[PDB]
Every structure is written in C-alpha cells, then in structure tokens.
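Visitor: Please find one structure pasted underneath; my questions will follow.
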Amino acid sequence: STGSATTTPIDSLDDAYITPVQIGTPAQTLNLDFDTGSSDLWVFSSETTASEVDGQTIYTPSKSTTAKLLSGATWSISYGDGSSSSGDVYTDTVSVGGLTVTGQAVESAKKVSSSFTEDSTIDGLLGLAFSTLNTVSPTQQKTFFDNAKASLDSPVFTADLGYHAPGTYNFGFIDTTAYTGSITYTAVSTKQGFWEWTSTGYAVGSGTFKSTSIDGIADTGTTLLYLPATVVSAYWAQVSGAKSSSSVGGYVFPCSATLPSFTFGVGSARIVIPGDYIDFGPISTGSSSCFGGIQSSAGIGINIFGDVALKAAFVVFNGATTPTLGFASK
C-alpha cells in the first residue's frame with residue numbers, strides 16, 4: 001500500500017505545516033502537525049478541558065463506531081519549545097492520504113498548554129520519530145508509520161515541505177518526479193529515538209565549504225535550523241547589523257537586509273537553503289528588526305535540522321531494518 005497527503009503551512013511564515021488525517025468511523029478529519037521529532041499521535045478531543053480549546057477541530061471518540069478505550073493507558077509529553085499535553089488513549093482507524101491503519105493509538109488530550117490552545121490551526125500532532133519515544137504508559141504504543149510499515153510497498157516515508165507553499169508527505173514510495181539529481185543517503189543513529197545523522201559541513205553564501213561533522217536530527221516539527229554557535233555566528237557575521245539579542249531570544253537582523261544562502265553537506269552532496277528561507281519577519285508587528293531562521297543550539301543539547309533546512313530538500317525517512325536518511329535537491 002501507499003499514501004500521499006498534501007501538507008500546508010499554517011501561516012505566511014511557514015511556522016508549521018498541517019496535514020489532514022482521517023480518524024474514526026465515520027471519518028473525523030483533523031489537521032495534524034507531522035513531527036519527525038516525536039512519537040505520539042495526540043489530538044484535541046471532546047475530553048479536552050473546555051477553556052483550553054479555542055477554534056481547533058476535536059476528535060469525539062463516542063461518535064466513532066471503531067473507537068475503543070485503551071484501558072488504563074495515559075500519556076504526557078513535553079516538547080523542546082516548553083509546550084506540553086496529556087490525557088488518555090483510544091485505539092481507532094487512522095488514514096493518511098489513502099493509507100489506513102486499524103488499531104492505531106489515538107492519544108486524546110485532557111490538558112494542553114497555552115501555546116497549543118493559542119494556535120487554532122493545529123488539531124494535534126502525528127509523531128514520526130521512533131516508537132521508543134512514545135509516552136503512553138504502562139504499555140508503550142507504536143507510531144502510525146511503525147504500524148503501517150509492513151503493509152507499505154517500501155518501508156519509507158518522504159517529506160517534501162514547501163517554502164510559502166503546500167508540499168507533500170508520501171508513505172511507501174519515492175516519487176522520482178519530486179526532486180532533481182540523485183538522493184544521497186546517510187547513516188542514522190536511533191539511540192536517542194530520533195532521525196539523527198551527521199552533516200559533513202556547511203557554507204555561507206558563496207563562501208568556501210567548511211568540512212566539519214555536525215550531528216543533529218531531521219525534525220519536521222521544529223520550525224528553525226539550530227546549529228552550533230560557531231556556525232551560527234559565521235552565518236550572521238555576513239549580514240550587516242545582525243546581532244544576537246538576549247531580550248528577543250536569538251539572532252535578529254535588519255528587515256532591509258538581503259540574506260545570504262546557507263549550504264549544508266550530506267555526504268559529498270550539498271543542500272542549499274536560499275536566503276529568503278531564513279527570514280522569519282518582524283519580531284513584533286511593525287518592527288524593522290526581523291527574526292532569523294538559523295539560531296544557536298547551545299543549551300538545547302542537540303542540533304536540529306528543522307523546517308528551514310528540510311524544506312530546501314526532498315527528504316527520505318528510510319525505515320528499513322537499518323534506518324537511513326536521504327536528501328535530494330528539488
């Protein structure tokens with residue numbers, strides 16, 4: 001089997017992407033944030049504290065003839081950005097882009113933190129990291145991909161995120177029309193539960209390529225590109241007036257600037273992030289200070305190849321017995 005679904009930016013800055021997902025019988029369609037950095041499929045629901053729902057579409061398990069309470073199961077998750085959610089668990093039928101999993105764990109939120117409430121466009125998350133990170137207790141549950149894998153034509157999914165435009169998540173096949181040149185594959189460590197890999201280096205604008213190993217994670221659920229302070233300083237040094245602002249929480253730059261591109265290495269291959277992908281707009285409405293899309297990972301404890309990086313590529317998440325990652329230009 002295969003599936004193919006369009007993923008759409010939630011706003012004009014590409015802060016996140018939402019993909020429609022069918023849950024239950026009859027289908028209830030919710031727009032979920034596909035997150036290769038986590039491993040829980042959780043939704044706003046009829047069980048979510050009323051004051052914490054503000055415009056989201058909810059899953060109502062009592063209206064699904066295929067929903068079953070997973071007795072005794074609870075979940076609770078905290079994300080890198082400080083947000084969190086928790087609740088109980090149902091199993092139900094879940095379909096993405098025509099690909100159907102029966103008996104998928106659907107984690108129903110009883111509580112969500114303010115950032116979730118305040119984002120009316122995201123109805124929940126669909127985790128696509130390794131199932132070892134799933135938070136369900138006392139019986140850990142499998143991700144949608146893990147459940148689908150054996151049925152797929154090939155044990156893969158691909159992320160093709162757009163810049164200020166829709167893109168695609170495919171399951172079970174590689175669309176050879178969706179990229180240019182070849183796909184370069186690179187090794188993955190699953191030791192921390194992530195799609196963790198090692199970039200071979202970087203360049204800033206038309207500058208020379210610096211060969212250096214950068215371990216990090218391919219994370220569709222993180223907006224920005226978080227890299228070591230040395231790398232980030234080298235980038236922003238090429239933008240007149242750019243500076244790190246403790247009050248704002250990262251590098252800012254004059255909105256009048258033209259940003260240089262940023263290149264990262266995948267083996268001997270190179271992925272070029274255009275300068276415009278690195279512009280996240282005014283820090284506050286009407287400001288002429290703009291927020292940068294490349295930020296330091298210092299104090300995160302890990303480098304993160306988030307949407308800023310991934311949207312410059314066609315990305316293969318290869319879930320074969322030994323997983324790997326593939327990157328192509330597009």
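Going by the structure tokens order, chains are called A, B, ..., each with residues numbered from 1, while ligands are numbered from 1 in the order shown.
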Can you tell me, as a list in words, what residues are no more than 10 Å from residue A:329 when counting only C-alpha atoms, ignoring any on the same chain fewer than 3 positions away?
Guide: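 Contacts, in chain order: residues 178, 179, 180, 181, 182, 183, 184, 269, 270, 271, 272, 273, 311, 312, 313, 314 and 315 of chain A.
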Visitor: Among stretch 121-239 of chain A, which residues does DSSP mark as strand (DSSP E) when it is run on the backbone? Keep the chain and numbering as in the structure and answer as a ChimeraX atom specification.
Guide: /A:124-127,156-160,167-171,184-187,196-204,210-218,225-227
Visitor: What's around residue A:172 at 8 Å? Count only C-alpha atoms, leave out sequence neighbours fewer than 4 positions away in its own chain, and write the answer as a VMD selection string.
Guide: chain A and resid 1 to 3 149 152 to 157
Visitor: Could you check the closest approach to residue A:216 for each of A:52, A:196, A:307, A:175 and tell me which residue wins, using only C-alpha atoms?
Guide: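 Checking each candidate against residue A:216, we get A:196 as the closest.
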Visitor: Have a look at atom CA of residue A:145 and atom CA of residue A:128 and let me know their distance in Å, one decimal.
Guide: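 Interatomic distance, atom CA of residue A:145 to atom CA of residue A:128: 6.5 Å.
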Visitor: Calculated over only C-alpha atoms, which of the candidates A:46, A:131, A:78, A:8 has the smallest distance to residue A:108?
Guide: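 Using only C-alpha atoms, residue A:108 sits closest to A:46.
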Visitor: Any idea what's packed within 9 Å of residue A:203, counting only C-alpha atoms, ignoring anything in its chain fewer than 3 positions away? Could you give it as a PyMOL selection string?
Guide: chain A and resi 206-211+235+261-265+272
Visitor: Using only C-alpha atoms, find each residue in stretch 124-156 of chain A having at least one atom no more than 9 Å away from stretch 27-43 of chain A; report its shortest atom-to-atom pair and that distance in Å (one decimal), rows by chain then rising number, as a tab-separated table.
Guide:
residue	atom	partner	partner_atom	distance
A:124	CA	A:43	CA	4.2
A:125	CA	A:33	CA	4.6
A:126	CA	A:41	CA	4.2
A:127	CA	A:39	CA	3.9
A:128	CA	A:36	CA	4.3
A:129	CA	A:36	CA	4.7
A:130	CA	A:39	CA	6.2
A:131	CA	A:39	CA	5.7
A:132	CA	A:39	CA	7.8
A:133	CA	A:39	CA	5.6
A:134	CA	A:39	CA	4.8
A:135	CA	A:40	CA	6.8
A:136	CA	A:40	CA	8.0
A:141	CA	A:40	CA	8.2
A:142	CA	A:39	CA	7.8
A:143	CA	A:39	CA	5.9
A:144	CA	A:41	CA	7.7
Visitor: Find the residues around residue A:260 up to 12 Å (only C-alpha atoms counted), leave out those fewer than 6 positions away in its own chain, and share them as number ranges by chain.
Guide: A: 203-207, 234-240, 272-279, 292-294
Visitor: Name the closest residue to residue A:171 among the candidates A:105, A:259, A:253, A:6; distances are taken between atoms, counting only C-alpha atoms.
Guide: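 Nearest candidate to residue A:171 out of A:105, A:259, A:253, A:6: A:6.
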Visitor: Please list as a VMD selection string every residue within 9 Å of stretch 91-103 of chain A, counting only C-alpha atoms and excluding residues in the same chain fewer than 4 positions away.
Guide: chain A and resid 1 to 6 19 to 25 27 61 64 to 70 107 144 147 to 148 152 169 to 171
Visitor: How many Å lie between atom CA of residue A:74 and atom CA of residue A:47, rounded to one decimal?
Guide: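 Taking atom CA of residue A:74 and atom CA of residue A:47, their separation equals 13.0 Å.
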